[PDB]
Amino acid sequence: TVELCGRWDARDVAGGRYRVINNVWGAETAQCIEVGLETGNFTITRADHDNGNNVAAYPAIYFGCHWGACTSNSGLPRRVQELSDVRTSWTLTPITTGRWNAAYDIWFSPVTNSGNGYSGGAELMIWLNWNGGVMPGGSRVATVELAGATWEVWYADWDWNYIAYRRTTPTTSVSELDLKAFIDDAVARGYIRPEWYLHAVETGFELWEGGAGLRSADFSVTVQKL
């Protein structure tokens, strides 16, 4: 494996299909992750974070295009209305300390260029596990049954629509989770427009405080067009 401690360190994995990023975007506190280059599996080996109410980092693995950097032949970006199926699998190892979450982060925007972010788009999160009392952004607007589980729907109207689905009870893994189900729900709520593009499907850990010991494994994402 290889260790990445750099703030914006990254590594292509799984033959280029996915990409792992240390992504310490909100703090100067140290953070390293040990990455398996074939699977993209990684363990947070070090996290000195103590960022209070603000996220310090989001080490993650993704499929598609993150701020312009795209994985290989992801078939993304692609219009929501042109998607017929979107699936993902993941296995996380929680810890008992720190303030963090284990969740998907999925980006959408009206344009195909993501080099400058997703302003005017949407950010769809799916929280599977957490600790330290951390909470989603915005406020809970509903609780709905989707893709085999029940989720609290949190919404925040920022520069882009922030929609977070928080499982009513924590879990440590999903196998072929029907991501299109969450996407359709956000569209029905008018939080995501069908014309918008799906840019990337990512999962990892939003870290506020600590985080060492968390592990991301068995990542998989597939997208089927109409």
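For every residue, the number given is its place in the sequence shown, counted from 1.
- Of the two segments examined, 57-65 and 22-30, it is 22-30 that shows the higher average Cα temperature factor in the deposited entry.
- In this entry, 44-52 has the higher mean Cα B-factor, the comparison being between 44-52 and 192-200.
- Looking at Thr97, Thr88, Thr71, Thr112, the one whose CA carries the top B-factor in the deposited record is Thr97.
- For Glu206, the recorded CA temperature factor ranks within the middle third of the chain's modelled residues.
- Per the PDB record, residue ranking by Cα B-factor puts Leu92 in the lowest third of the chain.
- Per-chain ranking of the deposited C-alpha B factor places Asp159 in the highest third.
- The entry lists a Cα temperature factor for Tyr118 that places it in the highest third of the chain's modelled residues.
- In the PDB entry, a CA B factor belonging to the lowest third of its chain's modelled residues is recorded for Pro77.
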